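Chemist: This is the structure, below, for whatever I ask next.
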Amino acid sequence: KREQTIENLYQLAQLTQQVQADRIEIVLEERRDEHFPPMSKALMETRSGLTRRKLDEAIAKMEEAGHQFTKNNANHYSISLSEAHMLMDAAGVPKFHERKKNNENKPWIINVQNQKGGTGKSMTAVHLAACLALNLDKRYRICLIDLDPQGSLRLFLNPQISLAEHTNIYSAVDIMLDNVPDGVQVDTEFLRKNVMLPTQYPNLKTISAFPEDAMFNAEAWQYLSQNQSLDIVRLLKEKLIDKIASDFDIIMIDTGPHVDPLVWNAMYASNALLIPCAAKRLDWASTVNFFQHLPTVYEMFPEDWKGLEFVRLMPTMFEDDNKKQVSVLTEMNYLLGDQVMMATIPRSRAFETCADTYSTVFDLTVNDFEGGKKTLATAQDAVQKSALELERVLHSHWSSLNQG
Amino acid sequence: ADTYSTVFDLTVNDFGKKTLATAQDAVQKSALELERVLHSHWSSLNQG
DNA sequence: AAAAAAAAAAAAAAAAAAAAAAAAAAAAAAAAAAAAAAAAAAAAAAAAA
DNA sequence: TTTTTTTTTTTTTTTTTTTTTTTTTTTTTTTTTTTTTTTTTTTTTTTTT
Ligand SMILES: Nc1ncnc2c1ncn2[C@@H]1O[C@H](COP(=O)(O)OP(=O)(O)OP(O)(O)=S)[C@@H](O)[C@H]1O
Ligand SMILES: [Mg+2]
């Protein structure tokens with residue numbers, strides 16, 4: 001009988017070996033051939049905030065040192081992002097993990113979870129993270145997590161850079177099981193070695209994910225077969241959170257459009273709550289279902305966790321000029337005001353261009369594209385004022401949630 | 001054409017209306033004019 | 001050590017194209033009227049109760 | 001003096017041709033929004049006093 005459907009299943013194969021090809025050419029085509037945006041003595045002022053006098057003093061102190069400054073084709077000064085973070089390293093400006101006021105802090109775990117497909121969590125959240133990383137005055141050690149097995153956050157120009165030299169790896173899955181060589185114990189040095197990777201920024205870091213992570217849900221069903229205390233919830237907490245809380249301060253986490261055991265652990269173990277969403281009716285209805293589903297499930301999780309300290313909703317794909325969606329936003333501000341961000345993330349062709357070349361808004365400048373300037377200008381400025389207002393929620397709660 | 005028919009073998013009742021009515025009106029004026037040409041050169045035919 | 005001159009830059013102004021809206025025209029009907037065609041009710045004629 | 005049949009009046013019904021009106025689709029049409037080239041403004045270095 002299933003002669004032609006041996007043909008047909010091994011022709012889903014004889015097409016996904018051609019898609020194995022296709023990914024080979026995708027890798028060959030994405031390859032970097034780019035330079036990071038320069039600060040032009042005014043963009044430097046706007047972004048870093050260093051005064052011209054102190055900047056001159058520091059760049060001279062470094063100029064007499066080993067490193068040499070560089071200039072554009074014109075004698076006008078131009079300093080690269082690498083040179084930027086180097087001058088920050090040598091600025092002596094301490095971070096939240098070096099400030100005498102507060103240096104022994106735990107991670108500020110920030111998450112982006114929506115149960116609605118394709119509406120913006122990936123792109124908006126990676127944009128938000130790369131913008132928060134623009135806080136060069138403070139050198140945040142940031143961990144981007146692409147917990148969505150299909151996110152491009154390991155590939156999208158803030159990526160998990162798995163060069164050819166990269167030998168082997170053990171994803172969050174294998175941290176949920178300790179499937180590394182049984183002889184070696186998973187210590188934080190191992191975590192730097194094969195879990196924490198750079199993102200072409202000397203400050204921003206990441207974790208990668210893989211479609212094999214979907215097998216985690218099957219293994220969790222198997223564990224429910226072998227367990228009944230729902231103890232897999234704490235598997236994340238001890239394996240990952242206790243091992244990472246010692247030596248980082250922020251962890252960007254994308255989770256995916258889905259609500260699943262993996263995403264249940266992401267929800268629970270995390271000590272902060274953010275809720276991405278759009279202004280559409282059905283989306284907010286799904287959020288209603290979400291607000292019914294949670295409380296009982298949190299009751300299911302161990303009583304040791306005293307609930308998440310703050311809850312806020314997000315906009316996205318917000319055209320800002322459609323009557324229905326602004327009415328929805330008004331209703332949200334009417335119901336959970338002070339627990340929803342005011343900031344708006346608009347949609348424009350500039351984001352499309354950014355995505356198609358994979359390059360985040362910061363990676364490209366006006367010369368790269370057309371005059372979708374002010375659109376990108378107000379996009380990055382809303383994302384940065386939104387980053388400081390979410391981090392100001394976190395500031396006012398650096399009394400509460402750090403002591404629980 | 002498609003129905004393998006001719007212009008005349010279907011009548012107005014066959015169904016258009018004014019459309020086909022003017023259709024055969026024009027076709028039948030063209031036939032008058034044509035067959036008049038037919039005399040005009042047919043008198044030449046009888047004599048060759 | 002400072003001034004002036006020279007060179008690589010953003011902001012404003014001008015022109016054209018694609019979105020949309022209203023009106024008009026070709027058409028394409030379902031309904032009615034007029035004319036035409038196919039049968040019918042009082043009167044008339046001849047041979048005969 | 002009566003009866004029968006046929007040729008004229010008129011009456012009834014139907015089809016075809018030709019009457020009007022409405023809706024749908026197609027064509028010409030400026031306002032608003034979007035795109036590209038640009039003249040003015042800002043920054044740095046070298047040379048001279
Ligand atoms: N500003 C934007 N401009 C253009 N496309 C956008 C924008 N924001 C979101 N998108 C759409 O989002 C797609 C990829 O981004 P995401 O929406 O994050 O996908 P995602 O990971 O499923 O997140 P969700 O489920 O939509 S919230 C793009 O291919 C677009 O279709
Ligand atoms: Mg997604």
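How things are named: the first chain in the structure tokens is A, the next is B, and so on; residues count from 1 in each chain; ligands count from 1 in the order shown.
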Return as a JSON list (two decimals) with N, CA, C and O atoms, in the first residue's frame every polymer residue, whether protein, DNA or RNA, with at least one atom no more than 9 Å from an atom of ligand 1; count only C-alpha atoms (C1' of nucleotides) and all ligand atoms.
Modeler:
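Wrote it out as part-v9.json, contents follow:
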[["chain", "number", "residue", "atom", "x", "y", "z"],
["A", 112, "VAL", "N", 9.52, 38.55, 27.29],
["A", 112, "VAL", "CA", 8.56, 38.99, 26.28],
["A", 112, "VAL", "C", 7.80, 37.77, 25.76],
["A", 112, "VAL", "O", 8.30, 37.01, 24.92],
["A", 113, "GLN", "N", 6.59, 37.58, 26.27],
["A", 113, "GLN", "CA", 5.74, 36.43, 25.95],
["A", 113, "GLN", "C", 4.37, 36.88, 25.48],
["A", 113, "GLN", "O", 3.66, 37.58, 26.22],
["A", 114, "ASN", "N", 3.97, 36.45, 24.29],
["A", 114, "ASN", "CA", 2.61, 36.68, 23.81],
["A", 114, "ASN", "C", 2.11, 35.38, 23.19],
["A", 114, "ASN", "O", 2.87, 34.66, 22.54],
["A", 115, "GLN", "N", 0.83, 35.11, 23.39],
["A", 115, "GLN", "CA", 0.15, 33.96, 22.81],
["A", 115, "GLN", "C", -0.43, 34.25, 21.43],
["A", 115, "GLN", "O", -1.31, 33.51, 20.97],
["A", 116, "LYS", "N", 0.04, 35.29, 20.76],
["A", 116, "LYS", "CA", -0.44, 35.64, 19.43],
["A", 116, "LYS", "C", 0.73, 35.58, 18.45],
["A", 116, "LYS", "O", 1.83, 36.06, 18.76],
["A", 117, "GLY", "N", 0.49, 35.00, 17.28],
["A", 117, "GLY", "CA", 1.55, 34.78, 16.31],
["A", 117, "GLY", "C", 1.94, 36.03, 15.53],
["A", 117, "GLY", "O", 1.14, 36.92, 15.28],
["A", 118, "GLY", "N", 3.22, 36.06, 15.15],
["A", 118, "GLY", "CA", 3.76, 37.00, 14.18],
["A", 118, "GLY", "C", 3.49, 38.48, 14.37],
["A", 118, "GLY", "O", 3.71, 39.26, 13.44],
["A", 119, "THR", "N", 3.00, 38.90, 15.54],
["A", 119, "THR", "CA", 2.65, 40.30, 15.72],
["A", 119, "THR", "C", 3.81, 41.21, 16.16],
["A", 119, "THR", "O", 3.66, 42.44, 16.13],
["A", 120, "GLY", "N", 4.97, 40.67, 16.52],
["A", 120, "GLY", "CA", 6.09, 41.55, 16.78],
["A", 120, "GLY", "C", 7.05, 41.23, 17.92],
["A", 120, "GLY", "O", 8.07, 41.91, 18.03],
["A", 121, "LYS", "N", 6.78, 40.21, 18.73],
["A", 121, "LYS", "CA", 7.63, 39.97, 19.90],
["A", 121, "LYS", "C", 9.09, 39.81, 19.51],
["A", 121, "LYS", "O", 9.97, 40.42, 20.13],
["A", 122, "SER", "N", 9.38, 39.00, 18.49],
["A", 122, "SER", "CA", 10.77, 38.80, 18.08],
["A", 122, "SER", "C", 11.45, 40.11, 17.71],
["A", 122, "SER", "O", 12.42, 40.52, 18.36],
["A", 123, "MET", "N", 10.94, 40.79, 16.68],
["A", 123, "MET", "CA", 11.61, 41.98, 16.17],
["A", 123, "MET", "C", 11.58, 43.11, 17.19],
["A", 123, "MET", "O", 12.61, 43.76, 17.45],
["A", 124, "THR", "N", 10.42, 43.37, 17.79],
["A", 124, "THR", "CA", 10.33, 44.45, 18.76],
["A", 124, "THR", "C", 11.24, 44.19, 19.95],
["A", 124, "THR", "O", 11.91, 45.11, 20.43],
["A", 125, "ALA", "N", 11.28, 42.95, 20.45],
["A", 125, "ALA", "CA", 12.07, 42.67, 21.63],
["A", 125, "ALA", "C", 13.57, 42.70, 21.34],
["A", 125, "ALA", "O", 14.35, 43.16, 22.17],
["A", 126, "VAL", "N", 13.99, 42.22, 20.16],
["A", 126, "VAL", "CA", 15.41, 42.31, 19.84],
["A", 126, "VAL", "C", 15.82, 43.77, 19.64],
["A", 126, "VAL", "O", 16.92, 44.18, 20.03],
["A", 148, "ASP", "N", 12.42, 30.80, 22.18],
["A", 148, "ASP", "CA", 11.65, 30.34, 21.05],
["A", 148, "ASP", "C", 12.56, 29.52, 20.14],
["A", 148, "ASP", "O", 13.51, 30.08, 19.57],
["A", 150, "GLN", "N", 12.42, 28.77, 17.24],
["A", 150, "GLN", "CA", 12.45, 29.25, 15.86],
["A", 150, "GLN", "C", 12.72, 30.74, 15.73],
["A", 150, "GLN", "O", 12.66, 31.27, 14.62],
["A", 151, "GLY", "N", 13.01, 31.44, 16.83],
["A", 151, "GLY", "CA", 13.43, 32.82, 16.71],
["A", 151, "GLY", "C", 14.74, 32.97, 15.97],
["A", 151, "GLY", "O", 15.57, 32.06, 15.92],
["A", 152, "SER", "N", 14.93, 34.14, 15.38],
["A", 152, "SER", "CA", 16.16, 34.48, 14.68],
["A", 152, "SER", "C", 17.15, 35.23, 15.56],
["A", 152, "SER", "O", 18.19, 35.68, 15.07],
["A", 254, "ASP", "N", 13.31, 36.09, 24.96],
["A", 254, "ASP", "CA", 12.15, 35.84, 24.12],
["A", 254, "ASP", "C", 11.71, 34.41, 24.33],
["A", 254, "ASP", "O", 12.52, 33.51, 24.58],
["A", 255, "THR", "N", 10.40, 34.18, 24.24],
["A", 255, "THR", "CA", 9.84, 32.88, 24.56],
["A", 255, "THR", "C", 9.06, 32.24, 23.43],
["A", 255, "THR", "O", 8.98, 31.01, 23.39],
["A", 256, "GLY", "N", 8.48, 33.02, 22.53],
["A", 256, "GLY", "CA", 7.76, 32.44, 21.43],
["A", 256, "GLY", "C", 6.28, 32.72, 21.51],
["A", 256, "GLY", "O", 5.76, 33.14, 22.55],
["A", 257, "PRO", "N", 5.56, 32.48, 20.42],
["A", 257, "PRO", "CA", 4.12, 32.77, 20.37],
["A", 257, "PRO", "C", 3.25, 31.76, 21.11],
["A", 257, "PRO", "O", 2.03, 31.82, 20.96],
["A", 258, "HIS", "N", 3.82, 30.86, 21.90],
["A", 258, "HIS", "CA", 3.11, 29.69, 22.37],
["A", 258, "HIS", "C", 3.15, 29.63, 23.89],
["A", 258, "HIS", "O", 4.05, 30.17, 24.53],
["A", 276, "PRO", "N", 3.82, 41.37, 26.18],
["A", 276, "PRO", "CA", 3.63, 41.96, 24.85],
["A", 276, "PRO", "C", 2.24, 41.67, 24.32],
["A", 276, "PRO", "O", 1.64, 40.64, 24.63],
["A", 277, "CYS", "N", 1.74, 42.58, 23.49],
["A", 277, "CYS", "CA", 0.43, 42.43, 22.87],
["A", 277, "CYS", "C", 0.24, 43.58, 21.89],
["A", 277, "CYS", "O", 0.96, 44.58, 21.91],
["A", 278, "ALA", "N", -0.74, 43.41, 21.01],
["A", 278, "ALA", "CA", -1.16, 44.44, 20.09],
["A", 278, "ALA", "C", -2.47, 45.05, 20.58],
["A", 278, "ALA", "O", -2.94, 44.77, 21.68],
["A", 316, "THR", "N", 2.48, 47.01, 20.07],
["A", 316, "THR", "CA", 3.28, 46.53, 18.95],
["A", 316, "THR", "C", 2.46, 46.66, 17.68],
["A", 316, "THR", "O", 1.23, 46.67, 17.73],
["A", 317, "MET", "N", 3.17, 46.77, 16.55],
["A", 317, "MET", "CA", 2.54, 46.94, 15.24],
["A", 317, "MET", "C", 1.50, 48.07, 15.27],
["A", 317, "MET", "O", 0.54, 48.09, 14.50],
["A", 318, "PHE", "N", 1.70, 49.03, 16.17],
["A", 318, "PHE", "CA", 0.68, 50.01, 16.49],
["A", 318, "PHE", "C", 0.74, 51.12, 15.45],
["A", 318, "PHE", "O", 1.60, 52.00, 15.50],
["A", 319, "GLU", "N", -0.18, 51.07, 14.48],
["A", 319, "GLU", "CA", -0.20, 52.07, 13.41],
["A", 319, "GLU", "C", -0.43, 53.48, 13.93],
["A", 319, "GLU", "O", -0.11, 54.44, 13.23],
["A", 345, "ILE", "N", 5.04, 51.55, 19.52],
["A", 345, "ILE", "CA", 5.94, 50.96, 18.53],
["A", 345, "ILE", "C", 5.29, 50.99, 17.15],
["A", 345, "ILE", "O", 4.51, 50.08, 16.82],
["A", 346, "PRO", "N", 5.56, 51.99, 16.32],
["A", 346, "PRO", "CA", 4.89, 52.06, 15.02],
["A", 346, "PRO", "C", 5.51, 51.12, 13.99],
["A", 346, "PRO", "O", 6.61, 50.60, 14.16],
["A", 347, "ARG", "N", 4.77, 50.91, 12.91],
["A", 347, "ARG", "CA", 5.16, 50.03, 11.81],
["A", 347, "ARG", "C", 5.43, 50.84, 10.55],
["A", 347, "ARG", "O", 4.57, 51.62, 10.12],
["A", 348, "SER", "N", 6.60, 50.64, 9.96],
["A", 348, "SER", "CA", 6.98, 51.35, 8.75],
["A", 348, "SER", "C", 7.91, 50.48, 7.91],
["A", 348, "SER", "O", 8.50, 49.52, 8.40],
["A", 349, "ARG", "N", 8.03, 50.85, 6.63],
["A", 349, "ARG", "CA", 8.86, 50.10, 5.69],
["A", 349, "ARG", "C", 10.31, 50.02, 6.13],
["A", 349, "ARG", "O", 11.04, 49.12, 5.69],
["A", 350, "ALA", "N", 10.76, 50.95, 6.98],
["A", 350, "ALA", "CA", 12.12, 50.90, 7.49],
["A", 350, "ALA", "C", 12.38, 49.61, 8.24],
["A", 350, "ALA", "O", 13.44, 49.00, 8.10],
["A", 351, "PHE", "N", 11.42, 49.17, 9.06],
["A", 351, "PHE", "CA", 11.58, 47.90, 9.76],
["A", 351, "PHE", "C", 11.65, 46.74, 8.79],
["A", 351, "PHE", "O", 12.40, 45.78, 9.00],
["A", 352, "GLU", "N", 10.86, 46.79, 7.71],
["A", 352, "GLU", "CA", 10.94, 45.75, 6.69],
["A", 352, "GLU", "C", 12.33, 45.68, 6.08],
["A", 352, "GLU", "O", 12.93, 44.61, 5.98],
["A", 353, "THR", "N", 12.87, 46.84, 5.69],
["A", 353, "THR", "CA", 14.22, 46.88, 5.14],
["A", 353, "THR", "C", 15.23, 46.34, 6.15],
["A", 353, "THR", "O", 16.13, 45.57, 5.79],
["A", 354, "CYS", "N", 15.09, 46.74, 7.41],
["A", 354, "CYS", "CA", 15.96, 46.24, 8.47],
["A", 354, "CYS", "C", 15.94, 44.72, 8.52],
["A", 354, "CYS", "O", 16.99, 44.07, 8.54],
["A", 355, "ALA", "N", 14.74, 44.14, 8.53],
["A", 355, "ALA", "CA", 14.60, 42.70, 8.65],
["A", 355, "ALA", "C", 15.18, 41.97, 7.44],
["A", 355, "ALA", "O", 15.82, 40.93, 7.59],
["A", 356, "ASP", "N", 14.96, 42.51, 6.24],
["A", 356, "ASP", "CA", 15.33, 41.77, 5.03],
["A", 356, "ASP", "C", 16.83, 41.62, 4.91],
["A", 356, "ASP", "O", 17.32, 40.57, 4.47]]
Chemist: Kindly provide, as a ChimeraX atom specification, the residues of chain D having any atom no farther than 12 Å from an atom of chain B, counting only C-alpha atoms (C1' of nucleotides).
Modeler: /D:15-18
Chemist: Just the residues within 12 Å of residue 6 of chain C, please, counting only C-alpha atoms (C1' of nucleotides), with nothing from its chain fewer than 3 positions along; format it as a ChimeraX atom specification.
Modeler: /D:43-47
Chemist: Counting only C-alpha atoms (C1' of nucleotides), which of D:36, D:48, D:3, D:13 gets nearest to chain A?
Modeler: D:36
Chemist: Run DSSP on the backbone of this structure and report the residues of segment 51-157 of chain A it assigns to helix (DSSP H, G or I), as a ChimeraX atom specification.
Modeler: /A:52-63,81-89,121-132
Chemist: Convert the current residue selection to file output with N, CA, C and O atoms, as a short mmCIF file (atom, residue, chain, number, x, y, z; two decimals), in the first residue's frame.
Modeler:
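What landed in result.cif:
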data_model
loop_
_atom_site.label_atom_id
_atom_site.label_comp_id
_atom_site.auth_asym_id
_atom_site.auth_seq_id
_atom_site.Cartn_x
_atom_site.Cartn_y
_atom_site.Cartn_z
N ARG A 52 31.80 67.23 25.62
CA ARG A 52 32.89 67.39 24.67
C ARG A 52 34.24 67.56 25.38
O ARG A 52 35.26 67.05 24.90
N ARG A 53 34.25 68.23 26.53
CA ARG A 53 35.50 68.42 27.26
C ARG A 53 36.02 67.11 27.84
O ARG A 53 37.19 66.74 27.62
N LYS A 54 35.18 66.39 28.59
CA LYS A 54 35.60 65.10 29.13
C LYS A 54 35.92 64.11 28.01
O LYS A 54 36.85 63.31 28.14
N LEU A 55 35.15 64.15 26.92
CA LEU A 55 35.46 63.27 25.79
C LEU A 55 36.83 63.58 25.21
O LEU A 55 37.60 62.66 24.90
N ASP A 56 37.15 64.86 25.04
CA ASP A 56 38.46 65.24 24.53
C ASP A 56 39.56 64.78 25.48
O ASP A 56 40.58 64.24 25.04
N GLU A 57 39.36 64.97 26.78
CA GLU A 57 40.35 64.56 27.76
C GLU A 57 40.60 63.06 27.69
O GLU A 57 41.75 62.60 27.67
N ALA A 58 39.53 62.27 27.62
CA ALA A 58 39.68 60.82 27.62
C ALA A 58 40.29 60.32 26.32
O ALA A 58 41.16 59.43 26.33
N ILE A 59 39.86 60.87 25.18
CA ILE A 59 40.40 60.42 23.90
C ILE A 59 41.85 60.86 23.74
O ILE A 59 42.63 60.21 23.04
N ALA A 60 42.26 61.95 24.40
CA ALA A 60 43.67 62.31 24.40
C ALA A 60 44.48 61.40 25.32
O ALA A 60 45.56 60.94 24.95
N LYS A 61 43.96 61.12 26.52
CA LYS A 61 44.63 60.19 27.42
C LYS A 61 44.83 58.83 26.77
O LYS A 61 45.87 58.19 26.95
N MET A 62 43.84 58.37 25.99
CA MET A 62 44.01 57.13 25.25
C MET A 62 44.91 57.31 24.03
O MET A 62 45.59 56.36 23.63
N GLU A 63 44.91 58.50 23.43
CA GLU A 63 45.74 58.73 22.25
C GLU A 63 47.23 58.66 22.59
O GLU A 63 48.01 58.08 21.83
N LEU A 81 31.92 51.47 17.12
CA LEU A 81 31.24 50.94 18.30
C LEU A 81 32.20 50.14 19.17
O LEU A 81 32.12 50.19 20.40
N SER A 82 33.10 49.37 18.55
CA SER A 82 34.15 48.70 19.30
C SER A 82 35.03 49.70 20.04
O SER A 82 35.27 49.56 21.25
N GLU A 83 35.52 50.72 19.33
CA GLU A 83 36.26 51.79 19.98
C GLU A 83 35.42 52.47 21.05
O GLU A 83 35.94 52.89 22.09
N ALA A 84 34.11 52.57 20.83
CA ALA A 84 33.21 53.16 21.81
C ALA A 84 33.24 52.37 23.11
O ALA A 84 33.49 52.91 24.19
N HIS A 85 32.96 51.06 23.02
CA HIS A 85 32.95 50.23 24.22
C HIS A 85 34.33 50.15 24.86
O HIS A 85 34.43 49.98 26.07
N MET A 86 35.39 50.30 24.07
CA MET A 86 36.73 50.33 24.65
C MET A 86 36.93 51.58 25.49
O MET A 86 37.42 51.51 26.63
N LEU A 87 36.56 52.74 24.95
CA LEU A 87 36.64 53.98 25.72
C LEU A 87 35.73 53.94 26.93
O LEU A 87 36.02 54.58 27.95
N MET A 88 34.63 53.18 26.85
CA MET A 88 33.78 53.02 28.03
C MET A 88 34.46 52.14 29.07
O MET A 88 34.43 52.46 30.27
N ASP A 89 35.05 51.02 28.64
CA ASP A 89 35.82 50.17 29.53
C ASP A 89 36.86 50.98 30.29
O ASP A 89 37.06 50.80 31.49
N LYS A 121 6.78 40.21 18.73
CA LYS A 121 7.63 39.97 19.90
C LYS A 121 9.09 39.81 19.51
O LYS A 121 9.97 40.42 20.13
N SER A 122 9.38 39.00 18.49
CA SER A 122 10.77 38.80 18.08
C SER A 122 11.45 40.11 17.71
O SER A 122 12.42 40.52 18.36
N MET A 123 10.94 40.79 16.68
CA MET A 123 11.61 41.98 16.17
C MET A 123 11.58 43.11 17.19
O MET A 123 12.61 43.76 17.45
N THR A 124 10.42 43.37 17.79
CA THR A 124 10.33 44.45 18.76
C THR A 124 11.24 44.19 19.95
O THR A 124 11.91 45.11 20.43
N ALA A 125 11.28 42.95 20.45
CA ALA A 125 12.07 42.67 21.63
C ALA A 125 13.57 42.70 21.34
O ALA A 125 14.35 43.16 22.17
N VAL A 126 13.99 42.22 20.16
CA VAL A 126 15.41 42.31 19.84
C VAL A 126 15.82 43.77 19.64
O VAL A 126 16.92 44.18 20.03
N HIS A 127 14.93 44.57 19.05
CA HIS A 127 15.17 46.00 18.95
C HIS A 127 15.29 46.64 20.32
O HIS A 127 16.20 47.43 20.58
N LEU A 128 14.37 46.30 21.23
CA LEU A 128 14.41 46.85 22.58
C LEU A 128 15.70 46.47 23.28
O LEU A 128 16.31 47.29 23.97
N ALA A 129 16.14 45.22 23.12
CA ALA A 129 17.36 44.77 23.79
C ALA A 129 18.59 45.48 23.23
O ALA A 129 19.43 45.97 23.99
N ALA A 130 18.70 45.56 21.90
CA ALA A 130 19.84 46.24 21.31
C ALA A 130 19.84 47.73 21.64
O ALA A 130 20.90 48.36 21.68
N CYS A 131 18.66 48.30 21.87
CA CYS A 131 18.59 49.70 22.28
C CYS A 131 19.01 49.88 23.73
O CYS A 131 19.72 50.83 24.06
N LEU A 132 18.56 48.99 24.62
CA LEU A 132 19.00 49.06 26.01
C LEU A 132 20.51 48.89 26.11
O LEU A 132 21.16 49.51 26.95
#
Chemist: Counting only C-alpha atoms (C1' of nucleotides), which residues of chain B fall within 12 Å of chain C, and what is the closest atom pair for each with its distance in Å at one decimal, ordered by chain and rising number, as JSON lines?
Modeler:
{"residue": "B:16", "atom": "CA", "partner": "C:28", "partner_atom": "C1'", "distance": 8.1}
{"residue": "B:17", "atom": "CA", "partner": "C:29", "partner_atom": "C1'", "distance": 8.7}
{"residue": "B:18", "atom": "CA", "partner": "C:28", "partner_atom": "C1'", "distance": 8.7}
{"residue": "B:19", "atom": "CA", "partner": "C:28", "partner_atom": "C1'", "distance": 8.4}
{"residue": "B:20", "atom": "CA", "partner": "C:28", "partner_atom": "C1'", "distance": 11.6}
Chemist: Any idea what's packed within 8 Å of segment 31-44 of chain C, counting only C-alpha atoms (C1' of nucleotides), ignoring anything in its chain fewer than 5 positions away? Could you give it as a ChimeraX atom specification?
Modeler: /D:9-11,19
Chemist: Write to file, as a compact mmCIF listing (two decimals), in the first residue's frame, the residues of the selection just made, with C-alpha atoms (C1' of nucleotides).
Modeler:
# COMPACT_ATOMS: atom_id res chain seq x y z
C1' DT D 9 -71.75 41.47 -37.87
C1' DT D 10 -68.99 41.20 -33.10
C1' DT D 11 -66.45 39.34 -29.25
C1' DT D 19 -41.61 51.68 -24.25
Chemist: Which residues, written as a list in words, have at least one atom at most 12 Å from residue 4 of chain D, with only C-alpha atoms (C1' of nucleotides) counted and residues fewer than 4 positions away on the same chain left out?
Modeler: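 With the cut-off at 12 Å, the set is residues 45, 46, 47 and 48 of chain C.
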